[PDB]
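Structure first, then comments.
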């Protein structure tokens with residue numbers, strides 16, 4: 318009970334601290350974030366990977382330059398979502414027009 | 244407007260896909276309240292398309 | 058027999074269908090709309106079958122019967138029924154109507170039905186004499202509606218000659234008969250004649266002669282879907298042979314899309330046959346959902362072993378298939394195209410390498426494409442790059458085939474252009490719908 | 010609840026004996042032999058021998074066939090007695106009971122016909138389902154495709170008119186088990202994950218295997234967000250996961266991003282999938298599928314990752330990791346483009362606008378084709 | 261484009277509805 | 017309108041099948057067994 322719960326803490330204390338460190342930077346060597354958090358590059362290499370994967374913070378880990386490319390997620394531009402849903406809508410109406418066409 | 248027209252397409256699908264034939268000429272006259280089929284339909288298309296075309300042409 | 062009693066009921070209903078056709082045929086002549094006939098002509102294939110000797114005789118004894126030589130021409134050419142118990146005199150023309158010469162539409166329609174029956178009765182010569190006389194009748198006939206009924210008969214007449222298996226005697230006739238339409242701005246007749254003509258051309262492999270005809274001729278844009286589908290296949294066949302592959306796929310896929318949903322098991326069979334081979338030569342692995350479909354399952358299975366060969370790139374496997382299934386290709390008229398592929402299997406693997414790798418070193422390309430030497434790939438790597446099967450640049454300074462850095466298209470002008478072709482068609486559909494709208498002259 | 014007729018264990022064993030490497034298995038033969046003699050499967054033995062060229066035991070068969078004949082006669086005698094003396098309730102059970110003996114004896118055709126006759130006379134809705142369920146098991150046991158689909162349609166229609174919850178829960182697994190064998194994995198995830206908590210159809214498979222299938226099919230089907238809330242933190246799925254650690258390692262390793270063990274755990278899941286009578290035709294499509302998700306999941310976070318890192322993370326050589334990405338990238342499954350000169354893989358994940366615009370062209374293009382297809386028609 | 265499509269499907273639907281209208285009145289005249 | 021001009025010229037498996045499936049290669053466990061053994065030694 319002390320391990321499962323405590324482990325969840327340290328695994329969470331790392332996130333709340335990773336975000337605080339990365340808040341200023343917009344591109345930071347994965348090597349440097351290790352120095353601030355005081356964790357091995359492998360440990361931060363992973364925890365960053367899962368945080369980006371889980372949609373924790375909006376970024377990307379480039380390995381060929383050893384940098385975490387922080388950025389801002391632009392919205393989902395609702396207008397295109399209303400169009401795509403509408404296209405399917407009108408796709409169904411064009412079908413019901415067919416049936417009226419069968420009557421000839 | 245695209246959001247509002249979308250909901251108006253949903254009814255357009257339901258209104259057409261219904262196509263109920265129980266005297267359809269009477270169906271087209273017992274459901275007249277300035278509703279889905281066309282009046283709240285392309286009426287918006289004209290507004291939406293006029294606003295964009297004029298804006299675009301001004302842009303270019 | 059009750060089967061024939063339903064048959065005569067089918068006859069009378071076909072007569073009623075014909076009477077419906079003739080009444081609609083006589084409707085269009087005085088209805089001032091050639092559109093009416095199209096309905097009767099579309100029922101034509103449906104009513105094309107379901108007819109034996111009693112049908113036409115009573116029809117020709119029901120229709121015509123003006124004592125005109127017409128009766129003397131097709132009545133002898135079809136077996137006449139006995140003194141049947143149900144002698145339902147089906148005369149839509151009564152007296153004066155009989156006295157009035159049959160309109161060129163119905164007469165050909167009735168004669169075509171005889172022609173169809175001639176085909177249905179394998180009497181292509183009696184139909185030949187019937188048909189050319191039909192043409193010899195309709196050759197002079199210059200109405201606007203008869204062009205439609207003439208167009209249907211033409212393909213049947215081309216079809217009667219089609220079963221006659223000459224196709225050169227009608228090569229000229231269909232070649233000149235075409236010019237009669239074009240000098241009339243007629244829509245359907247020009248469309249139907251061209252497709253039959255082209256079929257004539259490919260049937261003897263005069264692709265050079267054919268490639269010209271499409272070059273100068275213009276296919277009526279407002280053409281029957283059925284025809285538009287046909288012309289696209291023949292042009293696709295011509296284009297593919299002319300080495301214009303990329304356009305061959307675009308037309309053939311478009312030709313396939315226009316197939317009459319589910320009526321023509323055959324046409325879809327042949328087009329898919331070329332599409333699969335056409336696609337392979339261009340470096341694209343065809344769609345798998347094709348080879349599993351019911352109608353095309355066994356028909357294209359011969360091509361199946363091929364497309365598996367190309368992706369595998371196992372030349373030994375590819376030759377093995379041509380050795381076995383190759384002979385069947387000739388009948389399909391594709392062996393030659395496959396022969397092109399045998400010395401073109403390297404292209405796709407060059408595309409596969411360019412689609413996944415982005416900076417593959419040439420020496421590596423040789424390893425992954427079985428090319429004999431790193432030097433040999435260079436010509437092939439460039440050539441695929443040269444021929445626009447790739448989008449890469451070979452930096453020979455250090456032997457690496459860089460792929461083009463893809464851009465954010467939505468910030469460039471490509472999406473706008475794609476929307477323009479879309480909107481123009483969408484607006485045009487509105488005009489075409491609104492433009493006709495066929496408000497009947499308010500009764 | 011329902012009877013174990015037919016025993017799907019027998020079907021699974023027979024497929025295992027059909028497999029090449031296990032064709033010579035002796036332990037499978039005893040269990041398959043054990044089932045036949047215990048339930049007296051005479052006709053199936055004949056079918057078993059002819060397929061696997063086994064030698065028929067005449068003494069057993071004659072005693073079995075005579076036992077089958079005397080048992081069949083006894084049912085025939087009971088059926089005649091019920092007809093003369095008893096009402097439709099007794100004849101209905103008699104006919105229903107009669108077919109069940111055909112099931113136990115392996116007579117596929119005879120079982121199907123006898124049951125079909127019963128369904129004609131059966132009245133109570135509750136009894137109608139049981140016979141319908143009975144045909145479904147026959148279909149799965151023999152993999153009789155058309156039977157399994159037809160009855161499934163019967164089960165859905167019969168249940169809708171009047172259906173108690175207990176039978177609808179059962180059908181959910183029955184629909185699911187078919188779905189695994191038609192490679193419709195996504196629907197198997199919906200069907201099983203809705204009955205993992207209340208799996209009451211112990212006839213088809215033991216509970217440990219039902220959860221083991223769920224983890225196998227859940228991973229291939231559900232996206233990471235759904236997998237977490239419905240499998241990893243699922244109460245029942247974890248609980249029986251404490252008795253099947255290997256599947257536990259398999260399921261977690263993908264979620265926790267321990268890819269070295271996931272590939273190794275996938276080798277076990279590929280070998281196991283080869284032996285199951287249901288996951289046999291689909292094992293290859295499966296190991297390929299989880300492979301793509303594994304790669305795509307890792308690449309989801311890294312933009313450009315050294316192929317050396319990917320090989321080390323996956324515990325596989327640099328060469329193999331280069332190869333698979335190449336084969337997968339081509340089929341349009343992974344979004345990435347391998348840079349072999351530098352051994353760097355760069356991701357090409359479309360922006361939200363790009364994918365939406367691309368979808369407008371595709372979904373839009375399909376619609377405009379139809380409008381053109383229709384437009385030509387009506388305009389004549 | 262979405263505005264254009266809606267105006268087109270409505271256009272076709274209006275011709276199909278009209279083609280039925282005059283045709284149905286066409287048969288009903290008899 | 018059947019195109020009688022163009023003549024109209034076992035494996036009842038329901039599932040839709042993709043190209044990569046047809047590819048002939050040794051089972052995955054044997055690949056990993058080789059890959060792990062090769063880098064393992």
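Residue numbers (the entry's author numbering), protein chains in the order written: chain X, 318 to 421; chain c, 244 to 303; chain V, 58 to 500; chain Y, 10 to 389; chain Z, 261 to 290; chain e, 17 to 25, 34 to 65.
We put the CB at the ideal spot given by N, CA and C, even for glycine.
1) Mind pulling the chain c residues with CB within less than 8 angstroms of residue 410 of chain X?
2) Select from Y:54, Y:61, Y:373 and Y:299 the residue whose C-alpha is nearest the C-alpha of residue 67 of chain Y.
3) So, is residue 221 of chain Y buried or exposed, given that buried needs 16 or more other C-beta atoms within 10 angstroms?
4) CB residue 316 of chain Y to CB residue 354 of chain Y, shorter than 7 angstroms?
5) Starting from the Cα of residue 292 of chain Y, find the closest Cα among e:53, e:62 and e:64 and give me that residue.
6) Roughly how far, in whole angstroms, is the beta-carbon of residue 309 of chain V from the beta-carbon of residue 290 of chain V, given that I think they are within contact range, below 8 angstroms?
7) What does residue 280 of chain Y reach in chain e if we use C-beta pairs closer than 7 angstroms?
8) Could you give the first and the last residue of the continuous beta strand (DSSP E) run that contains residue 285 of chain Y?
9) Hey, could you find the ends of the alpha helix (DSSP H) residue 19 of chain Y is sitting in?
10) Measuring straight from C-alpha to C-alpha, what distance separates residue 48 of chain Y and residue 113 of chain Y?
11) Where do the ends of the alpha helix (DSSP H) carrying residue 110 of chain Y lie?
12) So which residues on chain X does residue 297 of chain c lean against when the C-beta distance must stay under 8 angstroms?
13) For a contact meaning CB atoms closer than 8 angstroms, what does residue 417 of chain X contact in chain Z?
14) Please state the DSSP three-state secondary structure of residue 355 of chain Y.
15) Could you name the residues of chain Y that residue 269 of chain Z contacts, counting a contact when the two beta carbons are closer than 7 angstroms?
16) Note down the Cα distance separating residue 232 of chain V from residue 224 of chain V, rounded to an integer number of angstroms.
17) Can you tell me which of V:122, V:139 and V:246 puts its alpha carbon nearest to the alpha carbon of residue 152 of chain V?
18) To be precise: take each residue of the segment 321–339 of chain V, compare its Cβ to all Cβ atoms of chain e, and keep it if any distance is under 8 angstroms. Which residues remain?
19) Excluding the five sequence neighbours on either side, which residues of its own chain have a C-beta within less than 8 angstroms of the C-beta of residue 343 of chain Y, listed in chain order?
20) Does the separation of the CB atoms of residue 337 of chain V and residue 398 of chain V fall below 7 angstroms?
21) Which of helix, strand or coil does DSSP assign to residue 340 of chain Y?
22) Just to confirm, are residue 259 of chain c and residue 410 of chain X a CB contact at a threshold of 7 angstroms?
23) Strictly below 8 angstroms CB to CB, what residues from chain Z border residue 8 of chain V?
24) Mind reading off the beta-carbon distance from residue 263 of chain Y to residue 271 of chain Y? Whole number of angstroms is fine, and I expect it under 8 angstroms.
25) Determine the chain Z residues that contact residue 286 of chain c at a beta-carbon separation under 9 angstroms, and present them in chain order.
26) Can you have a look at residue 404 of chain X and say buried or exposed, based on whether 16 or more other CB atoms are within 10 angstroms of its CB?
27) In or out: residue 277 of chain V buried (at least 16 other Cβ within 10 Å) or exposed?
28) Report the residue from Y:100, Y:63, Y:56 and Y:13 whose alpha carbon sits nearest the alpha carbon of residue 33 of chain Y.
29) So for residue 65 of chain e, helix, strand or coil by DSSP?
30) Where in the segment 349–404 of chain V do unbroken runs of the beta strand (DSSP E), each at least 3 residues long, occur, reported from the N-terminal end onward?
31) Can you pull the chain Z residues whose beta carbon is under 7 angstroms from the beta carbon of residue 383 of chain Y, in chain order?
32) List the whole-angstrom C-beta distance separating residue 494 of chain V from residue 278 of chain Z, where the pair is believed to meet the contact cut-off of C-beta under 8 angstroms.
33) Could you check whether the Cβ of residue 246 of chain c sits closer than 7 angstroms to any Cβ belonging to chain X?
34) Quick one: list the residues of chain C neighbouring residue 402 of chain X, beta-carbon separation under 8 angstroms, in chain order.
35) Can you confirm whether residue 291 of chain c, when its beta carbon is compared against all beta carbons of chain Z, has any partner nearer than 7 angstroms?
36) Taking Cβ-Cβ distances shorter than 7 angstroms, what residues in chain Z pair up with residue 487 of chain V?
Well, looking at it:
1) 252, 255, 256, 259 and 260
2) Y:54
3) buried
4) yes
5) e:53
6) 7 angstroms
7) 53
8) Note, residue 285 of chain Y: premise wrong, no beta strand (DSSP E); not H, not E.
9) 17–27
10) Approximately 6 angstroms between the Cα atoms of the pair.
11) 97–113
12) The contacting residues do not exist; residue 297 of chain c stays about 18 angstroms from chain X at best.
13) 273, 276, 277 and 280
14) strand
15) 380
16) 11 angstroms
17) Closest option to residue 152 of chain V, judged by alpha-carbon separation, among V:122, V:139 and V:246: V:122.
18) 321, 322, 323, 324, 326 and 327
19) 301, 304, 305, 308, 334 and 337
20) yes
21) In this structure, residue 340 of chain Y counts as coil in the three-state DSSP scheme.
22) Note that the C-beta distance between residue 259 of chain c and residue 410 of chain X is below 7 angstroms.
23) The structure shown does not extend to residue 8 of chain V, since chain V is modelled only from 58 to 500, so the question has no answer here.
24) About 5 angstroms separates the two Cβ atoms, so the contact holds.
25) Result: empty, since nearest Cβ-Cβ is about 11 angstroms, beyond 9 angstroms.
26) It counts as buried.
27) buried
28) Y:63
29) It is coil, neither helix nor strand.
30) none
31) 272
32) 6 angstroms
33) Residue 246 of chain c counts as touching chain X.
34) Absent from the structure: chain C. Protein chains present are X, c, V, Y, Z and e.
35) Residue-level contact check: residue 291 of chain c touches chain Z, since one or more beta carbons of chain Z fall below 7 angstroms from its beta carbon.
36) 267, 268 and 271
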